[PDB]
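Step one of this worksheet: look at the structure below.
Both counts, for ligands and for their atoms, begin at 1 and track the order of listing. Throughout, protein chains are lettered first and strands after them, A, B, ... in sequence-line order, and every chain is numbered starting at 1.
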2 protein chains.
Amino acid sequence: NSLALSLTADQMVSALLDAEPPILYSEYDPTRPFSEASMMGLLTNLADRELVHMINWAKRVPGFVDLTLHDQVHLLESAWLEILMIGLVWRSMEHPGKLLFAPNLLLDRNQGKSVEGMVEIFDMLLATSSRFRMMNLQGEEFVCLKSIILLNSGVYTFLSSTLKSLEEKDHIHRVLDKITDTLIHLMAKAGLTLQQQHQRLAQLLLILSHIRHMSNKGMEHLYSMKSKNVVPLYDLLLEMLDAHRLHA
Amino acid sequence: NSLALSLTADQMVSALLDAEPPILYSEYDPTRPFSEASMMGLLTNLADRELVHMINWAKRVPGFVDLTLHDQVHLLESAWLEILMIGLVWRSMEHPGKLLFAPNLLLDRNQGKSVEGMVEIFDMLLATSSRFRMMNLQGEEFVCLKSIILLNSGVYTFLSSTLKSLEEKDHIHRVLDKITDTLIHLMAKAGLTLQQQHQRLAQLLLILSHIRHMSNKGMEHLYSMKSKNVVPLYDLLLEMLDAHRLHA
Ligand SMILES: C[C@]12CC[C@@H]3c4ccc(O)cc4CC[C@H]3[C@@H]1CC[C@@H]2O
Ligand SMILES: C[C@]12CC[C@@H]3c4ccc(O)cc4CC[C@H]3[C@@H]1CC[C@@H]2O
């Protein structure tokens, strides 16, 4: 019984849409040459800035703040990259063959070749973008999916069985069911038949497994550069996630 | 129009069930000590033997042989490990805390600690097994899911856009929709309401994203041992997949 399981389909949608994060710009001098900037440095700087905003977004996803601090952290540490990728793919949907990492930063596959291992990832992201185009993915659907990833990605890795942990997983699976009801709701409204509904649902959810795959590939690349000497992501997340209530 | 898109739910189920592969045994001398055998050597030998049988299984999955040789190969090269894992998890469903890799080879997490990186994977597989138990996963559902993985895992990585390739992807997405219809069918029969249906469907499909994750982790481990000097999996698959029609 909470301000999460009570909501109706349209309430969840509105909640998710209003919670959407902003679209950041790549930080580079626009009046200066380009073959000067570090593509990676740019992508990394952008991701880091977006993370800060991803936290605000998560806290506004119905049911998320009802969880424990550490559970909230685990889920984000597990899904952060997939969340960034789906957003990226969503933005690029209307730019065939390009990835709109930022309004002032559109890259085609050729531009991903200046870095080892990056070209493969760019092609998977582009292919995902085309898939969405093909499916005519809607913004209402996009938000549900992105919220689904936040909750589902790290739910199978809680290396705990305490009573509290069982109550936590139950809650998560309950919220996910509500998001499922919403997606179906959004489809019935649209005019899709019942068959087309369960079919579109499957099609969308199965894309999530490819997004997971892209994150793993991305984690591999990321983890090959940085070294075991940097505040482990867990902590940064914890610091930003464990906020006080002073700036009332 | 083919012996695939024509079938009815019960026909697909029967097809999938009758096509099930056999349960192989680990090859080791049962009358000899155990701390003697190579855990990895055993797991690798088993997987290799199962692959041979996975090919026969795939060829019997409705719609699979209508695809081109190379497409059939790509899909298997992409999903083989996930297929082995789901099967493994399915077998272990009635053995809390253990992984029944084979009837004569049951291992708990302690036994996975004799090898670097393996303990993490054992825990993800065990957690998946528990999840299925919890969901009371049915054998009819299991086969649909395993078939879904075969078709969905590598469909987003066909680095081709020829007309033939578009016709190939269309076919795959059409078969997948049929498997979706089957799953729903299997649930309505069971007595689940329409809400519980789309909800159970979501729950099952979302598990597939975790199975993908386990494969990536497994591929990382596998790829860290063997060396770039072994008949690349593509070829073994091609050889076994490109069969003649002489043993009529
Ligand atoms: C993490 C990487 C840099 C940042 C990239 C990014 C940065 C911002 C964003 O919104 C999405 C993505 C998706 C792919 C990410 C890349 C995968 C490999 C690279 O290390
Ligand atoms: C591929 C590995 C050996 C074979 C293992 C196996 C072997 C047979 C099988 O039916 C399932 C699995 C799942 C995990 C696999 C392992 C993941 C890491 C290891 O290299």
Side-chain angles (χ1 to χ4, degrees), chain A residues 21-26 38-51 53-54 80-92 99-102 105 107 112 115-122 124-126 128-129 211 214-226 233, chain B residues 21-26 38-51 53-54 80-92 99-102 105 107 112 115-122 124-126 128-129 211 214-226 233:
Chain A
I23 292 168
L24 307 182
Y25 275 69
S26 167
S38 177
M39 178 172 66
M40 293 297 288
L42 269 14
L43 298 175
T44 289
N45 176 72
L46 178 55
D48 292 341
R49 288 153 59 212
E50 303 188 74
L51 202 312
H53 287 279
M54 189 191 291
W80 74 275
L81 188 44
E82 298 175 73
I83 291 168
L84 290 192
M85 292 182 153
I86 195 181
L88 168 61
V89 169
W90 168 247
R91 302 196 292 275
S92 307
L99 300 174
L100 191 171
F101 279 88
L105 185 58
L107 316 67
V115 178
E116 294 306 293
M118 208 60 241
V119 80
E120 292 63 43
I121 295 171
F122 271 50
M124 296 190 274
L125 289 163
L126 293 162
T128 310
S129 202
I211 288 182
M214 291 190 287
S215 186
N216 295 314
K217 287 289 184 168
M219 297 290 206
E220 286 173 34
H221 186 289
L222 198 197
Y223 182 91
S224 78
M225 308 306 219
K226 306 210 306 163
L233 183 57
Chain B
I23 292 168
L24 307 182
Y25 275 69
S26 167
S38 177
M39 178 172 66
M40 293 297 288
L42 269 14
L43 298 175
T44 289
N45 176 72
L46 178 55
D48 292 341
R49 288 153 59 212
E50 303 188 74
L51 202 312
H53 287 279
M54 189 191 291
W80 74 275
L81 188 44
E82 298 175 73
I83 291 168
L84 290 192
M85 292 182 153
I86 195 181
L88 168 61
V89 169
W90 168 247
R91 302 196 292 275
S92 307
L99 300 174
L100 191 171
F101 279 88
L105 185 57
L107 316 67
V115 178
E116 294 306 293
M118 208 60 241
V119 80
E120 292 63 43
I121 295 171
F122 271 50
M124 296 190 274
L125 289 163
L126 293 162
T128 310
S129 202
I211 288 182
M214 291 190 287
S215 186
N216 295 314
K217 287 289 184 168
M219 297 290 206
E220 286 173 34
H221 186 289
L222 198 197
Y223 182 91
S224 78
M225 308 306 219
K226 306 210 306 163
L233 183 57

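Expressed to the nearest 0.5 Å, how far CE of A/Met40 lies from CE of A/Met225 amounts to 4.5 Å. The distance from atom CG of A/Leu105 to atom CG of A/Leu24, rounded to the nearest 0.5 Å, is 12.0 Å. Distance check, rounded to the nearest 0.5 Å: CE of B/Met39 to OG of B/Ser26 gives 12.0 Å. For the atom pair B/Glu120 CD and B/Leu125 CG, the distance stands at 11.5 Å (nearest 0.5 Å).
The protein heavy-atom contact nearest to atom 14 (C) of ligand 1 is A/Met85 CE, 4.1 Å. The nearest heavy-atom contact from the protein to atom 15 (C) of ligand 1 is A/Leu81 CD1, 4.3 Å. Of all protein heavy atoms, the one closest to atom 3 (C) of ligand 2 is B/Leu43 CB, 3.8 Å. The protein heavy atom nearest to atom 20 (O) of ligand 1 is A/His221 ND1, 3.5 Å. Of all protein heavy atoms, the one lying nearest to atom 5 (C) of ligand 2 is B/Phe101 CE2, 3.9 Å. Of all protein heavy atoms, the one closest to atom 11 (C) of ligand 2 is B/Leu84 O, 3.5 Å.
When heavy-atom distances to ligand 1 are checked against a 4.0 Å cut-off, A/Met225 has no atom that comes that close, whether in backbone or side chain. The part of B/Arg91 lying near ligand 2 is the side chain, judged by heavy-atom distances below 4.0 Å. By the criterion of a heavy-atom distance under 4.0 Å, the side chain of B/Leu88, and not its backbone, is placed next to ligand 2.
The side-chain heavy atoms of A/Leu42 and A/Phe101, taken from C-beta on, include no pair separated by under 4.5 Å. Counting heavy atoms from C-beta outward, B/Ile121 and B/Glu220 have side chains that stay 4.5 Å or more apart. Considering only heavy atoms from C-beta on, B/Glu50 stays 4.5 Å or farther from B/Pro21 through its side chain.
Ligand 2 places these atoms under 4.0 Å from at least one heavy atom of B/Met118: 17 (C), 18 (C). Per-residue contacts place B/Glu50 under 4.0 angstrom from the following atoms of ligand 2 (heavy atoms of the residue considered): 8 (C), 9 (C), 10 (O).
For ligand 1, the polar-atom distance check against A/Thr44 finds no nitrogen or oxygen pair separated by under 3.5 Å.
Counting protein heavy atoms under 4.0 angstrom from atom 7 (C) of ligand 2 gives one or more.
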